[PDB]
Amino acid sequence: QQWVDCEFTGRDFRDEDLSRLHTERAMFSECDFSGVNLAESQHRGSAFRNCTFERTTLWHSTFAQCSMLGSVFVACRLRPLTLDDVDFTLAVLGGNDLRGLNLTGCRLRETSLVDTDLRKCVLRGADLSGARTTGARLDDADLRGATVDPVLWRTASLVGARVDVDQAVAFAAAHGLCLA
């Protein structure tokens, strides 16, 4: 299947098998994709705004120039998959396993990453301004050039996380050191 320029608000897609679905500029707003099989699906320029994804399988899928603004993901199969310029602004990703995903240059402004496993992820140039990172795991992740708040440095687990020089400094300041 292939859906182009569709706009749905409040739709119930629960338990559906949407594997290999292709969407192009689809707008899904406040839709429920819980229990859905979205494996090997392809989306381009579509939006999943304030949607519900509980126990949804997104394995091997591809999202290019998509927005997931404000959507909530609970215990979903989110890896591996291809994200190519996707906006997660205000999404709730808490508790999921996102290990090793390439989130290069993605927007994760005010995203909730509480208890989220982002180990070995590539977050180069990503934007984490305002994200909630209590319990988040960033060990071995690459944060080079990412925009991050002083609080991430105090919250996220960061052993082996790769950082640039301004970031190492912000980390020291975030722990109370006075750069004199």
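Throughout, we count residues from 1 along the sequence that is shown.
Looking only at 48, 59, 53, 63, the residue with the top Cα B factor in the deposited structure is 59. When the C-alpha B-factors of 170, 18, 158, 163 are ranked from the entry, the top spot goes to 163. In the deposited entry, the Cα temperature factor of residue 30 sits in the top third of values across the chain's modelled residues. Ranked by Cα temperature factor within the chain, residue 86 sits in the middle third according to the deposited record.
In this PDB entry, residue 113 carries a Cα temperature factor that places it within the lowest third of its chain's modelled residues.
In the PDB entry, residue 104 places in the highest third of its chain by CA B-factor. Remark: residue 94 belongs to the lowest third of its chain, ranked by C-alpha B-factor as recorded.
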